[PDB]
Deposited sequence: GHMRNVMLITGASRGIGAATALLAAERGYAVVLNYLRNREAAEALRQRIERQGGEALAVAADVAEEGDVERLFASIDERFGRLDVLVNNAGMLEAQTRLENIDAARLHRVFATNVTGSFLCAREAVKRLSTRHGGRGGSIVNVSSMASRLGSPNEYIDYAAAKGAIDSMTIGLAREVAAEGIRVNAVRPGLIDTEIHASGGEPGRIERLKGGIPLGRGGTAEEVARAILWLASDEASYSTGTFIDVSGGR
């Protein structure tokens, strides 16, 4: 009778929104965290509700520790529990070479992509861990094939942020395995939203729904013996 509760950061559009809708379709109560696009997040909440589900939309900048504390407090108040965190909030800036990346850009890119994922994972561990009275659960980080390919001539800063996420995925998986938390990641490639497709063996961009399906599998009981692992959703890139 009791729905499991999933928090999706950056849930208003793209992979985050597709993951929210897929999770609700599969029975989860969903927390849609957004930063700016309140309209899009509220419409997704209304949609999930119309179809008989439970959804909570919460504005919060995951780069800010106080915002993260309030985001999770809002989940505590509405549902009294948490089961899955999807660290999807990401930030991509303009195409650039590294010699033109300044400190302000590095601060912004690491704050949202990396610090945000750490701070949300931290609050999730405090709630999911059997050592804090939780019943376990899972965290799925949304990384990128950029961590492996390096995004040369585009955004090495973003590639580095996602390399940090991959290392955090491995380390956190090992650290909290014994308290009932699995930690995994998906690595999307080019998500469809001629030269670029040619570097994709399957010959097309991926869809947000394809990434969502991988995220949901890793959060599911089907993946009960997978932690510290990666599903690449990249068409062979």
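Chemist: Which runs of the deposited chain sequence never show up in the coordinates?
Modeler: Those stretches are 1, 195-206, listed in order.
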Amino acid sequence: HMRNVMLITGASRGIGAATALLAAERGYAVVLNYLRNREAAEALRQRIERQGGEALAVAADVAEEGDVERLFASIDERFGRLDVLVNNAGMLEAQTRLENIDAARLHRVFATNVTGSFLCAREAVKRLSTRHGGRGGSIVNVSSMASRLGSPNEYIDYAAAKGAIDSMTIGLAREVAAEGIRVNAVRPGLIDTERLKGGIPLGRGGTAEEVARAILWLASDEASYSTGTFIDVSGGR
From here on, numbers count along this sequence of modelled residues.
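Chemist: So which stretch wins on mean C-alpha B-factor, 129-137 or 105-113?
Modeler: So the stretch with the higher mean C-alpha B-factor is 129-137.
Chemist: Which is higher on average in the deposited entry, the C-alpha temperature factors of 36-44 or of 55-63?
Modeler: Comparing averages over the C-alpha atoms only gives 36-44.
Chemist: Pick out which of 175, 210, 69, 49 has the highest C-alpha B-factor in the PDB entry.
Modeler: When the deposited C-alpha B-factors of 175, 210, 69, 49 are compared, 49 is largest.
Chemist: Please place residue 97 in the lowest, middle or highest third of its chain by C-alpha B factor as given in the entry.
Modeler: Residue 97: CA B-factor falls in the middle third of its chain.
Chemist: Going by the CA temperature factor in the PDB record, which third of the chain does residue 18 belong to: lowest, middle or highest?
Modeler: According to the entry, residue 18 has a C-alpha B-factor in the chain's middle third.
Chemist: Thinking about Cα B factors across the chain, which third does residue 91 belong to?
Modeler: For residue 91, the deposited C-alpha B-factor lands in the highest third.
Chemist: Among the modelled residues of its chain, does the C-alpha B-factor of residue 190 lie in the lowest, middle or highest third?
Modeler: Middle third.
Chemist: For the chain shown, is the CA B-factor of residue 168 in the lowest, middle or highest third of its modelled residues?
Modeler: It falls in the bottom third of the chain.
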